[PDB]
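First, one chain by itself in structure tokens, the form deposited in one PDB entry.
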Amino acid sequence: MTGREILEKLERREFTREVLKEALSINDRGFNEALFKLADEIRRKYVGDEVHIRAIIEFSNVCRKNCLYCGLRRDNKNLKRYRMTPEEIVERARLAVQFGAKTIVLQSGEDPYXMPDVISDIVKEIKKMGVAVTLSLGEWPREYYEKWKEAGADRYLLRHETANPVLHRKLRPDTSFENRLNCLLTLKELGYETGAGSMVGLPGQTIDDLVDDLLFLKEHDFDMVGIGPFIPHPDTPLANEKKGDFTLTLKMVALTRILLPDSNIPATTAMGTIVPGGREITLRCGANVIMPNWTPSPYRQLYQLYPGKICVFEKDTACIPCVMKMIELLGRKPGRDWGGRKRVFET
């Protein structure tokens, strides 16, 4: 089908595998731009003009896992490891709330030290501030997830990374797609708002793989979907592999919006890392969430999933004000509430 035909099918919501592969495979400028306009329009129609700010505190870069793409992988000995104390995390959280953050995201490598009781304590103290708490701590026992829910956690981000179980296993040798998926399913059952998502341009990943990621996201109707390009980190086995294409990743964001019109989709730090102004672009192509880095110095510079992360040289407190300005110059509006998913039931 031609680009015009694919758009009309997408507009009609005939989301066949073939329509999705063709969408990802056509490189025509005119087609891409129309696809971005569609997704921008569906975003506006379903989730409005509010850009939700999730203040992310990356509280530890310790990790027991060895994912091949990740600078925090345990085999990376060329990284200063840190752990924030629960007091520092709580007080850093409080500063974000004082700055107007309505969701706190606590993210870390898979660091056993905190698990589960110290996270429980931290979540309970943060929840007292009357904001949403989102956890992004990786794969843990059902029991841990349960304790964290009971402690007051609202949401959990656990990117599925890749729905190709063979590629998944090769890139994440400690675990599997089955395990990853089971965590997402457990999270959902426990009542978390859950986030999935994938990297784009992983070594060995094909367009068919990306289509499978879309159909997976659509299958499970995730509340949130984080998508970024793969960015090689020099202290990893994937150091000399090619970074993910910005445009292709932006197309995955657009199609995710089209497939899940009422989902919460961030313009991820990785998009802004590979293209100057990439998050702003992404916010105009389907995304409606931003997650300003609230990780304090001198730890911020040490949380290197991938290198070059923008926002590492600014003052600790700069990213909240910066994203507020961003939201305003994009002609958008800050989130007025916790910005949980607001389901519009359709056919």
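By rigid core we mean the largest C-alpha set that fits within 1.5 Å across both forms. Counting begins at 1, following the sequence as shown.
One more form of this protein exists, namely the form deposited in another entry; it is left out here, but the text below deals with it.
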query	finding
Rigid-core-referenced C-alpha movement of 2 Å or more between this form and the one not shown, selected from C322, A34, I310, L68	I310
Shift of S297 between this form and the one not shown at or above 2 Å (CA, core fit)	no
Cα-Cα shift for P321 and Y306, closer or farther in the other form, minimum 3 Å	closer
Sense of CA distance change between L302 and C63 in the other form, threshold 3 Å	farther
